[PDB]
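Undergrad: File entry.json below, JSON, C-alpha atoms:
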```
[["chain", "number", "residue", "atom", "x", "y", "z"],
["A", 1, "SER", "CA", 29.85, -60.52, 5.92],
["A", 2, "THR", "CA", 27.57, -60.73, 8.94],
["A", 3, "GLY", "CA", 27.63, -59.79, 12.60],
["A", 4, "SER", "CA", 25.71, -61.00, 15.65],
["A", 5, "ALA", "CA", 25.79, -59.46, 19.13],
["A", 6, "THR", "CA", 23.83, -60.03, 22.32],
["A", 7, "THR", "CA", 21.96, -57.06, 23.75],
["A", 8, "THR", "CA", 21.23, -56.98, 27.48],
["A", 9, "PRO", "CA", 18.74, -54.93, 29.53],
["A", 10, "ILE", "CA", 20.45, -52.36, 31.73],
["A", 11, "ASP", "CA", 18.09, -52.94, 34.67],
["A", 12, "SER", "CA", 15.13, -54.97, 35.90],
["A", 13, "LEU", "CA", 12.63, -52.80, 33.99],
["A", 14, "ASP", "CA", 14.23, -53.06, 30.52],
["A", 15, "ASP", "CA", 14.71, -49.28, 30.57],
["A", 16, "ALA", "CA", 17.26, -49.68, 27.76],
["A", 17, "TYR", "CA", 19.55, -52.32, 26.26],
["A", 18, "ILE", "CA", 23.35, -52.33, 25.91],
["A", 19, "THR", "CA", 25.39, -54.14, 23.27],
["A", 20, "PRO", "CA", 29.18, -54.53, 23.45],
["A", 21, "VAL", "CA", 31.10, -52.76, 20.68],
["A", 22, "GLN", "CA", 34.82, -52.97, 19.91],
["A", 23, "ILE", "CA", 36.46, -49.63, 19.05],
["A", 24, "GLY", "CA", 40.07, -49.06, 18.04],
["A", 25, "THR", "CA", 43.30, -51.06, 17.99],
["A", 26, "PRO", "CA", 43.82, -52.80, 20.34],
["A", 27, "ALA", "CA", 40.09, -53.11, 20.89],
["A", 28, "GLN", "CA", 38.40, -50.97, 23.53],
["A", 29, "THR", "CA", 35.05, -52.56, 24.36],
["A", 30, "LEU", "CA", 32.23, -50.15, 25.25],
["A", 31, "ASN", "CA", 28.59, -51.03, 25.97],
["A", 32, "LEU", "CA", 26.48, -48.92, 23.63],
["A", 33, "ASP", "CA", 22.75, -48.23, 23.37],
["A", 34, "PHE", "CA", 21.75, -49.20, 19.82],
["A", 35, "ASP", "CA", 19.23, -46.56, 18.80],
["A", 36, "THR", "CA", 17.18, -46.89, 15.60],
["A", 37, "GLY", "CA", 15.83, -43.40, 16.35],
["A", 38, "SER", "CA", 19.11, -41.50, 15.90],
["A", 39, "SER", "CA", 22.15, -41.56, 13.66],
["A", 40, "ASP", "CA", 25.24, -40.68, 15.72],
["A", 41, "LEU", "CA", 27.72, -43.16, 17.18],
["A", 42, "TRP", "CA", 29.02, -41.28, 20.21],
["A", 43, "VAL", "CA", 30.98, -42.41, 23.26],
["A", 44, "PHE", "CA", 32.14, -41.36, 26.66],
["A", 45, "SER", "CA", 35.83, -40.68, 26.21],
["A", 46, "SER", "CA", 39.09, -39.43, 27.68],
["A", 47, "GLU", "CA", 37.87, -36.01, 26.46],
["A", 48, "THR", "CA", 34.62, -36.03, 28.46],
["A", 49, "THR", "CA", 34.50, -33.41, 31.23],
["A", 50, "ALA", "CA", 35.65, -35.39, 34.24],
["A", 51, "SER", "CA", 32.79, -34.34, 36.53],
["A", 52, "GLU", "CA", 30.34, -35.71, 33.93],
["A", 53, "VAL", "CA", 31.80, -39.24, 34.00],
["A", 54, "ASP", "CA", 30.49, -41.52, 36.78],
["A", 55, "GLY", "CA", 31.31, -45.17, 36.19],
["A", 56, "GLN", "CA", 31.15, -45.39, 32.39],
["A", 57, "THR", "CA", 33.85, -47.05, 30.35],
["A", 58, "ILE", "CA", 35.63, -44.47, 28.19],
["A", 59, "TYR", "CA", 37.18, -44.55, 24.73],
["A", 60, "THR", "CA", 40.73, -43.17, 24.71],
["A", 61, "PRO", "CA", 41.67, -42.39, 21.09],
["A", 62, "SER", "CA", 45.33, -41.77, 21.98],
["A", 63, "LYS", "CA", 45.63, -45.48, 22.89],
["A", 64, "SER", "CA", 44.27, -46.61, 19.51],
["A", 65, "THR", "CA", 46.79, -46.95, 16.69],
["A", 66, "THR", "CA", 43.98, -46.70, 14.12],
["A", 67, "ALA", "CA", 42.27, -43.58, 15.52],
["A", 68, "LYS", "CA", 42.54, -40.39, 13.48],
["A", 69, "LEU", "CA", 41.13, -36.99, 14.36],
["A", 70, "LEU", "CA", 38.54, -35.91, 11.80],
["A", 71, "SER", "CA", 39.89, -32.41, 11.59],
["A", 72, "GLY", "CA", 37.40, -29.63, 12.19],
["A", 73, "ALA", "CA", 34.44, -31.91, 12.79],
["A", 74, "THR", "CA", 32.11, -31.35, 15.73],
["A", 75, "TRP", "CA", 28.79, -32.83, 16.78],
["A", 76, "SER", "CA", 25.94, -31.90, 19.07],
["A", 77, "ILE", "CA", 22.71, -33.79, 19.63],
["A", 78, "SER", "CA", 19.52, -33.42, 21.66],
["A", 79, "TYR", "CA", 17.17, -36.34, 22.24],
["A", 80, "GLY", "CA", 13.41, -36.49, 22.72],
["A", 81, "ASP", "CA", 13.83, -37.01, 26.46],
["A", 82, "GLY", "CA", 15.66, -33.69, 26.82],
["A", 83, "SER", "CA", 19.13, -35.22, 27.17],
["A", 84, "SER", "CA", 22.07, -34.07, 25.08],
["A", 85, "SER", "CA", 25.76, -34.51, 24.31],
["A", 86, "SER", "CA", 28.42, -32.93, 22.12],
["A", 87, "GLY", "CA", 32.08, -33.11, 21.18],
["A", 88, "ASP", "CA", 34.58, -33.77, 18.40],
["A", 89, "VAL", "CA", 35.12, -36.69, 16.03],
["A", 90, "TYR", "CA", 37.64, -39.43, 15.30],
["A", 91, "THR", "CA", 37.56, -42.14, 12.68],
["A", 92, "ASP", "CA", 38.48, -45.61, 13.89],
["A", 93, "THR", "CA", 37.81, -49.29, 13.41],
["A", 94, "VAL", "CA", 34.51, -50.41, 14.95],
["A", 95, "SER", "CA", 33.31, -54.01, 15.24],
["A", 96, "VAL", "CA", 29.92, -55.34, 16.35],
["A", 97, "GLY", "CA", 29.51, -59.05, 16.87],
["A", 98, "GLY", "CA", 32.33, -59.90, 14.47],
["A", 99, "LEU", "CA", 31.37, -57.38, 11.75],
["A", 100, "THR", "CA", 34.09, -54.75, 11.22],
["A", 101, "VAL", "CA", 33.88, -51.27, 9.69],
["A", 102, "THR", "CA", 37.08, -49.31, 9.11],
["A", 103, "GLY", "CA", 36.95, -45.53, 9.06],
["A", 104, "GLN", "CA", 33.80, -45.28, 11.15],
["A", 105, "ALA", "CA", 33.07, -41.86, 12.63],
["A", 106, "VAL", "CA", 33.34, -42.23, 16.42],
["A", 107, "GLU", "CA", 31.97, -39.08, 18.03],
["A", 108, "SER", "CA", 33.88, -38.35, 21.23],
["A", 109, "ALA", "CA", 31.86, -36.60, 23.93],
["A", 110, "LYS", "CA", 33.33, -33.51, 25.51],
["A", 111, "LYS", "CA", 30.04, -32.81, 27.33],
["A", 112, "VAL", "CA", 27.07, -34.98, 28.27],
["A", 113, "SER", "CA", 23.90, -34.02, 30.10],
["A", 114, "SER", "CA", 23.04, -35.21, 33.59],
["A", 115, "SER", "CA", 20.91, -38.21, 32.57],
["A", 116, "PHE", "CA", 23.88, -39.71, 30.71],
["A", 117, "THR", "CA", 26.25, -39.13, 33.64],
["A", 118, "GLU", "CA", 23.72, -40.66, 36.02],
["A", 119, "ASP", "CA", 23.47, -43.89, 34.00],
["A", 120, "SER", "CA", 26.74, -45.74, 34.60],
["A", 121, "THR", "CA", 25.67, -48.69, 32.41],
["A", 122, "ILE", "CA", 25.55, -46.85, 29.05],
["A", 123, "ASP", "CA", 28.92, -45.87, 27.54],
["A", 124, "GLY", "CA", 27.39, -44.16, 24.51],
["A", 125, "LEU", "CA", 24.95, -44.61, 21.65],
["A", 126, "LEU", "CA", 25.16, -46.32, 18.26],
["A", 127, "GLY", "CA", 22.64, -44.73, 15.92],
["A", 128, "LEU", "CA", 20.82, -46.89, 13.37],
["A", 129, "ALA", "CA", 18.38, -44.41, 11.83],
["A", 130, "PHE", "CA", 19.14, -42.87, 8.43],
["A", 131, "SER", "CA", 22.42, -41.02, 8.01],
["A", 132, "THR", "CA", 20.58, -37.84, 6.98],
["A", 133, "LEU", "CA", 20.00, -37.28, 10.73],
["A", 134, "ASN", "CA", 23.69, -37.47, 11.65],
["A", 135, "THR", "CA", 24.74, -34.29, 13.46],
["A", 136, "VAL", "CA", 28.44, -34.08, 12.50],
["A", 137, "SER", "CA", 29.38, -30.70, 11.04],
["A", 138, "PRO", "CA", 30.58, -29.53, 8.57],
["A", 139, "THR", "CA", 30.72, -32.96, 6.89],
["A", 140, "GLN", "CA", 27.86, -35.27, 7.84],
["A", 141, "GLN", "CA", 28.92, -38.82, 8.67],
["A", 142, "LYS", "CA", 27.43, -42.25, 7.95],
["A", 143, "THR", "CA", 26.05, -44.69, 10.49],
["A", 144, "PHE", "CA", 27.71, -48.01, 11.24],
["A", 145, "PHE", "CA", 24.98, -49.80, 9.25],
["A", 146, "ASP", "CA", 25.34, -47.46, 6.27],
["A", 147, "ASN", "CA", 29.10, -48.04, 6.22],
["A", 148, "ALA", "CA", 28.74, -51.82, 6.56],
["A", 149, "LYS", "CA", 25.82, -52.26, 4.16],
["A", 150, "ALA", "CA", 27.72, -52.93, 0.94],
["A", 151, "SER", "CA", 29.76, -55.69, 2.60],
["A", 152, "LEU", "CA", 26.82, -57.47, 4.24],
["A", 153, "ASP", "CA", 25.38, -60.66, 2.80],
["A", 154, "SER", "CA", 21.99, -58.90, 2.77],
["A", 155, "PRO", "CA", 21.45, -55.17, 3.46],
["A", 156, "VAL", "CA", 19.52, -55.68, 6.68],
["A", 157, "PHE", "CA", 19.80, -55.70, 10.42],
["A", 158, "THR", "CA", 17.40, -57.23, 12.92],
["A", 159, "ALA", "CA", 16.36, -56.37, 16.47],
["A", 160, "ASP", "CA", 15.27, -59.20, 18.77],
["A", 161, "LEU", "CA", 14.88, -57.54, 22.17],
["A", 162, "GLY", "CA", 14.11, -59.66, 25.21],
["A", 163, "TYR", "CA", 11.55, -59.13, 27.94],
["A", 164, "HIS", "CA", 13.55, -59.12, 31.18],
["A", 165, "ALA", "CA", 16.16, -61.15, 29.30],
["A", 166, "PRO", "CA", 18.97, -60.72, 26.76],
["A", 167, "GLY", "CA", 18.28, -60.56, 23.03],
["A", 168, "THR", "CA", 20.17, -60.15, 19.77],
["A", 169, "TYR", "CA", 21.12, -57.63, 17.10],
["A", 170, "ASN", "CA", 22.08, -59.31, 13.83],
["A", 171, "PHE", "CA", 23.63, -57.62, 10.79],
["A", 172, "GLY", "CA", 23.47, -58.98, 7.27],
["A", 173, "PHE", "CA", 21.16, -61.97, 7.71],
["A", 174, "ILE", "CA", 17.74, -63.02, 8.99],
["A", 175, "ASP", "CA", 17.88, -65.84, 11.57],
["A", 176, "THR", "CA", 14.88, -67.93, 10.55],
["A", 177, "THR", "CA", 15.02, -69.79, 13.89],
["A", 178, "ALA", "CA", 14.41, -66.61, 15.90],
["A", 179, "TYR", "CA", 10.74, -66.06, 15.07],
["A", 180, "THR", "CA", 7.48, -67.94, 14.57],
["A", 181, "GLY", "CA", 5.25, -67.83, 11.53],
["A", 182, "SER", "CA", 6.14, -65.43, 8.74],
["A", 183, "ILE", "CA", 7.60, -61.92, 8.62],
["A", 184, "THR", "CA", 5.17, -59.23, 7.45],
["A", 185, "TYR", "CA", 6.85, -56.35, 5.66],
["A", 186, "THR", "CA", 5.46, -52.82, 5.58],
["A", 187, "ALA", "CA", 6.41, -49.61, 3.82],
["A", 188, "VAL", "CA", 8.82, -47.06, 5.30],
["A", 189, "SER", "CA", 9.07, -43.31, 4.77],
["A", 190, "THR", "CA", 12.59, -41.95, 5.19],
["A", 191, "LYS", "CA", 11.45, -38.32, 4.81],
["A", 192, "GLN", "CA", 12.11, -37.54, 8.50],
["A", 193, "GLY", "CA", 15.23, -39.74, 8.71],
["A", 194, "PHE", "CA", 13.45, -42.39, 10.81],
["A", 195, "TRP", "CA", 12.22, -45.94, 10.28],
["A", 196, "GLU", "CA", 8.72, -44.49, 9.92],
["A", 197, "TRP", "CA", 5.80, -46.77, 9.06],
["A", 198, "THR", "CA", 2.00, -46.98, 9.42],
["A", 199, "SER", "CA", 0.39, -49.50, 11.74],
["A", 200, "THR", "CA", -3.03, -50.73, 10.62],
["A", 201, "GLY", "CA", -4.72, -50.50, 14.03],
["A", 202, "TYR", "CA", -4.92, -51.87, 17.53],
["A", 203, "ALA", "CA", -6.81, -53.97, 20.06],
["A", 204, "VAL", "CA", -6.96, -53.82, 23.85],
["A", 205, "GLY", "CA", -6.89, -57.17, 25.60],
["A", 206, "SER", "CA", -9.44, -59.56, 24.13],
["A", 207, "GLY", "CA", -11.36, -56.69, 22.52],
["A", 208, "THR", "CA", -12.13, -56.27, 18.86],
["A", 209, "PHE", "CA", -9.49, -54.90, 16.54],
["A", 210, "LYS", "CA", -9.91, -51.25, 15.53],
["A", 211, "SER", "CA", -8.74, -50.60, 11.98],
["A", 212, "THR", "CA", -7.05, -47.21, 11.92],
["A", 213, "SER", "CA", -3.81, -45.90, 10.46],
["A", 214, "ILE", "CA", -1.15, -45.00, 13.06],
["A", 215, "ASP", "CA", 2.01, -43.44, 11.62],
["A", 216, "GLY", "CA", 5.02, -43.87, 13.90],
["A", 217, "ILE", "CA", 8.69, -44.79, 14.17],
["A", 218, "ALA", "CA", 10.40, -48.04, 15.15],
["A", 219, "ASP", "CA", 12.76, -46.72, 17.85],
["A", 220, "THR", "CA", 14.92, -49.10, 19.86],
["A", 221, "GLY", "CA", 16.28, -46.12, 21.80],
["A", 222, "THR", "CA", 12.92, -45.20, 23.36],
["A", 223, "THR", "CA", 11.75, -47.33, 26.28],
["A", 224, "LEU", "CA", 7.96, -47.00, 26.03],
["A", 225, "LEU", "CA", 5.16, -47.10, 23.45],
["A", 226, "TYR", "CA", 3.83, -43.60, 22.65],
["A", 227, "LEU", "CA", 0.52, -43.50, 20.77],
["A", 228, "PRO", "CA", -2.34, -41.05, 20.12],
["A", 229, "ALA", "CA", -4.30, -39.94, 23.19],
["A", 230, "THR", "CA", -7.47, -41.67, 21.94],
["A", 231, "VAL", "CA", -5.70, -45.05, 21.72],
["A", 232, "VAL", "CA", -3.96, -44.66, 25.08],
["A", 233, "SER", "CA", -7.19, -43.65, 26.83],
["A", 234, "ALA", "CA", -8.95, -46.71, 25.42],
["A", 235, "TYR", "CA", -6.16, -48.92, 26.80],
["A", 236, "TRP", "CA", -6.03, -47.47, 30.33],
["A", 237, "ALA", "CA", -9.82, -47.39, 30.62],
["A", 238, "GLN", "CA", -9.60, -51.18, 30.91],
["A", 239, "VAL", "CA", -7.43, -50.97, 34.06],
["A", 240, "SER", "CA", -9.31, -50.23, 37.29],
["A", 241, "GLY", "CA", -7.87, -47.17, 38.98],
["A", 242, "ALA", "CA", -5.60, -46.11, 36.14],
["A", 243, "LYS", "CA", -5.35, -42.37, 35.56],
["A", 244, "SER", "CA", -3.22, -39.79, 33.81],
["A", 245, "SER", "CA", -1.14, -37.92, 36.38],
["A", 246, "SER", "CA", 0.25, -34.52, 35.39],
["A", 247, "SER", "CA", 2.52, -34.55, 38.45],
["A", 248, "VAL", "CA", 4.03, -37.94, 37.58],
["A", 249, "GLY", "CA", 4.08, -37.24, 33.84],
["A", 250, "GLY", "CA", 1.78, -39.87, 32.36],
["A", 251, "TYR", "CA", -0.58, -42.73, 33.04],
["A", 252, "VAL", "CA", -0.15, -44.56, 36.33],
["A", 253, "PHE", "CA", -2.04, -47.58, 37.61],
["A", 254, "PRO", "CA", -2.38, -49.57, 40.83],
["A", 255, "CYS", "CA", 0.59, -51.89, 41.21],
["A", 256, "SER", "CA", -1.92, -54.58, 42.27],
["A", 257, "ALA", "CA", -3.47, -54.62, 38.78],
["A", 258, "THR", "CA", -3.16, -57.32, 36.14],
["A", 259, "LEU", "CA", -2.71, -55.45, 32.86],
["A", 260, "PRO", "CA", -4.41, -56.40, 29.59],
["A", 261, "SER", "CA", -2.40, -57.08, 26.47],
["A", 262, "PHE", "CA", -2.14, -54.57, 23.62],
["A", 263, "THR", "CA", -2.20, -55.63, 19.95],
["A", 264, "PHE", "CA", -0.91, -53.56, 17.05],
["A", 265, "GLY", "CA", -1.41, -54.22, 13.35],
["A", 266, "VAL", "CA", 1.29, -54.71, 10.75],
["A", 267, "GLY", "CA", -0.59, -54.97, 7.50],
["A", 268, "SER", "CA", -2.98, -57.87, 8.01],
["A", 269, "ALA", "CA", -0.77, -59.38, 10.74],
["A", 270, "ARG", "CA", -0.93, -58.70, 14.47],
["A", 271, "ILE", "CA", 1.73, -58.30, 17.17],
["A", 272, "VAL", "CA", 0.55, -58.93, 20.74],
["A", 273, "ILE", "CA", 2.29, -57.10, 23.59],
["A", 274, "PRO", "CA", 1.58, -59.07, 26.81],
["A", 275, "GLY", "CA", 0.19, -57.05, 29.69],
["A", 276, "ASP", "CA", 3.28, -57.67, 31.82],
["A", 277, "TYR", "CA", 5.43, -55.82, 29.25],
["A", 278, "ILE", "CA", 3.43, -52.64, 30.02],
["A", 279, "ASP", "CA", 4.31, -52.60, 33.75],
["A", 280, "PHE", "CA", 7.18, -50.21, 34.55],
["A", 281, "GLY", "CA", 6.97, -50.59, 38.28],
["A", 282, "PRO", "CA", 6.53, -48.18, 41.18],
["A", 283, "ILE", "CA", 6.75, -44.48, 40.35],
["A", 284, "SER", "CA", 9.11, -44.12, 43.34],
["A", 285, "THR", "CA", 10.66, -46.76, 45.55],
["A", 286, "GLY", "CA", 8.00, -48.48, 47.64],
["A", 287, "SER", "CA", 5.03, -46.74, 46.02],
["A", 288, "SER", "CA", 1.90, -48.72, 45.13],
["A", 289, "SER", "CA", 1.38, -46.51, 42.08],
["A", 290, "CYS", "CA", 3.02, -48.03, 39.01],
["A", 291, "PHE", "CA", 4.07, -46.35, 35.80],
["A", 292, "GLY", "CA", 2.45, -47.39, 32.54],
["A", 293, "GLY", "CA", 4.36, -48.56, 29.47],
["A", 294, "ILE", "CA", 1.85, -47.12, 26.99],
["A", 295, "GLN", "CA", 1.78, -43.31, 27.08],
["A", 296, "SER", "CA", 0.33, -40.51, 24.98],
["A", 297, "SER", "CA", 2.38, -39.07, 22.13],
["A", 298, "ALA", "CA", 0.29, -35.89, 22.11],
["A", 299, "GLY", "CA", 3.19, -33.77, 23.39],
["A", 300, "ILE", "CA", 5.83, -35.34, 21.13],
["A", 301, "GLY", "CA", 4.69, -34.71, 17.57],
["A", 302, "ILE", "CA", 5.24, -38.32, 16.49],
["A", 303, "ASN", "CA", 4.10, -41.77, 17.59],
["A", 304, "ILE", "CA", 6.93, -43.98, 18.85],
["A", 305, "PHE", "CA", 7.01, -47.78, 18.71],
["A", 306, "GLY", "CA", 9.69, -48.07, 21.39],
["A", 307, "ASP", "CA", 11.03, -51.10, 23.21],
["A", 308, "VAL", "CA", 7.68, -52.02, 24.81],
["A", 309, "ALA", "CA", 6.35, -52.73, 21.31],
["A", 310, "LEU", "CA", 9.50, -53.90, 19.56],
["A", 311, "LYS", "CA", 10.44, -56.51, 22.18],
["A", 312, "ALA", "CA", 7.17, -58.34, 21.43],
["A", 313, "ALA", "CA", 8.45, -58.97, 17.88],
["A", 314, "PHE", "CA", 11.34, -60.00, 15.71],
["A", 315, "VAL", "CA", 11.96, -56.81, 13.71],
["A", 316, "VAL", "CA", 13.75, -56.54, 10.36],
["A", 317, "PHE", "CA", 15.24, -53.18, 9.39],
["A", 318, "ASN", "CA", 15.57, -53.67, 5.63],
["A", 319, "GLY", "CA", 18.06, -51.20, 4.15],
["A", 320, "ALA", "CA", 17.51, -52.15, 0.52],
["A", 321, "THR", "CA", 17.34, -49.35, -2.04],
["A", 322, "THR", "CA", 13.71, -48.89, -0.98],
["A", 323, "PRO", "CA", 13.80, -49.56, 2.78],
["A", 324, "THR", "CA", 11.05, -51.51, 4.52],
["A", 325, "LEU", "CA", 10.31, -52.88, 7.99],
["A", 326, "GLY", "CA", 9.40, -56.47, 8.82],
["A", 327, "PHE", "CA", 7.66, -57.78, 11.95],
["A", 328, "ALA", "CA", 7.19, -61.36, 13.08],
["A", 329, "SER", "CA", 5.88, -62.87, 16.27],
["A", 330, "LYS", "CA", 8.35, -64.88, 18.34]]
```
Could you show the structure in this file as structure tokens?
TA:
Amino acid sequence: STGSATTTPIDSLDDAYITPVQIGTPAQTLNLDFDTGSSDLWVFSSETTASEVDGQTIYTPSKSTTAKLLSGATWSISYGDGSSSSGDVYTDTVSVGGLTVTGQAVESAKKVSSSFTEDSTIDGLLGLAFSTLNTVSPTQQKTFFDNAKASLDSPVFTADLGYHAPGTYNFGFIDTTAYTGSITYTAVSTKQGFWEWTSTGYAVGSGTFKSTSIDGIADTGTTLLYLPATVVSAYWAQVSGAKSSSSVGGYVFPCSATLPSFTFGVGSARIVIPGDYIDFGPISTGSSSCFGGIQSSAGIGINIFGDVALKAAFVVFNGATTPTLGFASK
């Protein structure tokens, strides 16, 4: 089997991407944030505290003839941005772009934190990291990809995120029309549950490439590119007036600037992030200070190849017995 679904930016900055997902019988369609940095499929629901729902579409298990309470199971998750959610668990039929999994764990939110409530465009998350990170207790549950894998034509999914435009998530096949050149594959460590790999270095603008190993994760659920302070300082030093602002929470730059590109290495290959992809707009409405899309990871504990980096590439998440990642230009 295969599946193919369009993913659409939630706003004019590409802060995140939503993909429609069918849950239950008859189908209830929710727009989920596909997140290769986590492993829970959770949704706003008829069980979510009413004051914490503000415009989202909810899953109502009682209206699904295929929903079944997973007795005794609870979940609770905290994300790198400080947001969180928790609840109980149903199993139900879940379809993405024509690919159907029966018996998928659908984690129903009883509580969500303020940032989820405040984002009316995201109805939940669909985790695509390794199932060892799934938070369901006392019986850990599998991700949608893990459940679908055996049925797929090939045990892969691909992320093709757009810049200020829709893109595609494909399951079970590699669309050879969606990228240019060849796909370069690179090793993955699953030891932390992430799609964790080692970039071979970077360049700033037209500058020379610096060969240096940068371990990090391919994370579709993180907006920006978080890299070591040395790398980030070298980038922003090429932008007149750019500075790190403790009060804003990262590097800012004059909105009048033209930003240089940023290149990262994948083995001997190179992915170029155009300068425009690094502009996240005014820090507050009407400000002439703009927020940078490359930020330091020094306070995180891990480097994160988030959407800023991934949307410059066609990315293969290869879930073969030994997983690997592939990157191509597009």
Undergrad: Quick one: contact table of range 298-330 of chain A to range 130-136 of chain A, 12 Å max, nearest atom pair and distance in Å to one decimal per residue, counting all atoms listed in the file, chain and number order, as a Markdown table?
TA:
```
| residue | atom | partner | partner_atom | distance |
| --- | --- | --- | --- | --- |
| A:317 | CA | A:130 | CA | 11.1 |
| A:318 | CA | A:130 | CA | 11.7 |
| A:319 | CA | A:130 | CA | 9.4 |
| A:323 | CA | A:130 | CA | 10.3 |
```
Undergrad: Using 12 Å as the limit and counting all atoms listed in the file, can you tabulate each residue of range 1-92 of chain A that touches range 302-306 of chain A, with its shortest atom-to-atom distance in Å and the two atoms involved, as a tab-separated table?
TA:
```
residue	atom	partner	partner_atom	distance
A:14	CA	A:306	CA	11.4
A:15	CA	A:306	CA	10.5
A:16	CA	A:306	CA	10.0
A:17	CA	A:306	CA	11.8
A:35	CA	A:306	CA	10.0
A:36	CA	A:306	CA	9.5
A:37	CA	A:306	CA	9.2
A:80	CA	A:302	CA	10.4
```
Undergrad: Using all atoms listed in the file, determine which residues lie at most 12 Å from residue 297 in chain A, disregarding the query and same-chain residues fewer than 5 positions distant; provide the list as a PyMOL selection string.
TA: chain A and resi 80+214-217+224-233+249-251+302-306
Undergrad: Between A:299, A:260, A:167, A:293, which has the minimum distance to residue 315 in chain A (counting all atoms listed in the file)?
TA: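 Residue with the minimum atom-to-atom distance to residue 315 in chain A: A:167.
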Undergrad: Give as an MDAnalysis selection string every residue, naming chains and numbers as the document does, that has an atom within 10 Å of (30.8, -46.7, 9.6), counting all atoms listed in the file.
TA: chainID A and resid 41 91:95 100:106 141:149
Undergrad: Those residues you just picked out, can you put them in a file as a CSV table (one decimal), keeping the file's coordinate frame with C-alpha atoms?
TA:
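This is the output file out-v5.csv:
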```csv
chain,number,residue,atom,x,y,z
A,41,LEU,CA,27.7,-43.2,17.2
A,91,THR,CA,37.6,-42.1,12.7
A,92,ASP,CA,38.5,-45.6,13.9
A,93,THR,CA,37.8,-49.3,13.4
A,94,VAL,CA,34.5,-50.4,15.0
A,95,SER,CA,33.3,-54.0,15.2
A,100,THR,CA,34.1,-54.8,11.2
A,101,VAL,CA,33.9,-51.3,9.7
A,102,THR,CA,37.1,-49.3,9.1
A,103,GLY,CA,37.0,-45.5,9.1
A,104,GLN,CA,33.8,-45.3,11.2
A,105,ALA,CA,33.1,-41.9,12.6
A,106,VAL,CA,33.3,-42.2,16.4
A,141,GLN,CA,28.9,-38.8,8.7
A,142,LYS,CA,27.4,-42.2,8.0
A,143,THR,CA,26.0,-44.7,10.5
A,144,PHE,CA,27.7,-48.0,11.2
A,145,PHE,CA,25.0,-49.8,9.2
A,146,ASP,CA,25.3,-47.5,6.3
A,147,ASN,CA,29.1,-48.0,6.2
A,148,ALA,CA,28.7,-51.8,6.6
A,149,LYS,CA,25.8,-52.3,4.2
```
Undergrad: Which residues are close to residue 116 in chain A, i.e. within 10 Å by all atoms listed in the file, leaving aside same-chain residues fewer than 4 positions away? Reply as a list in words.
TA: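 Result of the neighbour search: residues 44, 52, 53, 54, 56, 83, 84, 85, 111, 112, 120, 121, 122, 123 and 124 of chain A.
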Undergrad: Please measure the separation of CA of residue 113 in chain A and CA of residue 97 in chain A, giving the value in Å to one decimal.
TA: 28.9 Å
Undergrad: Report, in Å with one decimal, the straight-line distance from CA of residue 46 in chain A to CA of residue 96 in chain A.
TA: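 Between CA of residue 46 in chain A and CA of residue 96 in chain A the gap works out to 21.6 Å.
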Undergrad: I need range 317-324 of chain A written out with N, CA, C and O atoms, as a tab-separated table (two decimals), in the first residue's frame; please produce it.
TA:
```tsv
chain	number	residue	atom	x	y	z
A	317	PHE	N	12.64	9.38	5.11
A	317	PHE	CA	12.72	8.74	6.42
A	317	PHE	C	12.62	7.24	6.15
A	317	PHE	O	11.53	6.72	5.92
A	318	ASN	N	13.77	6.57	6.12
A	318	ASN	CA	13.84	5.17	5.73
A	318	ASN	C	13.75	4.30	6.97
A	318	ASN	O	14.69	4.26	7.78
A	319	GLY	N	12.62	3.61	7.13
A	319	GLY	CA	12.36	2.77	8.28
A	319	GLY	C	12.67	1.30	8.05
A	319	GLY	O	12.03	0.42	8.63
A	320	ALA	N	13.65	1.01	7.20
A	320	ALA	CA	14.19	-0.33	7.07
A	320	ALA	C	14.78	-0.80	8.40
A	320	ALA	O	14.94	-0.03	9.35
A	321	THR	N	15.10	-2.10	8.45
A	321	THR	CA	15.61	-2.69	9.69
A	321	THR	C	16.72	-1.85	10.31
A	321	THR	O	16.75	-1.66	11.53
A	322	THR	N	17.63	-1.33	9.49
A	322	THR	CA	18.56	-0.30	9.94
A	322	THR	C	18.10	1.03	9.34
A	322	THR	O	18.29	1.26	8.14
A	323	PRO	N	17.46	1.91	10.11
A	323	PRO	CA	16.95	3.14	9.51
A	323	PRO	C	18.06	4.05	9.01
A	323	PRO	O	19.18	4.07	9.55
A	324	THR	N	17.73	4.83	7.98
A	324	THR	CA	18.62	5.87	7.47
A	324	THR	C	17.77	7.07	7.06
A	324	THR	O	16.54	7.00	7.02
```
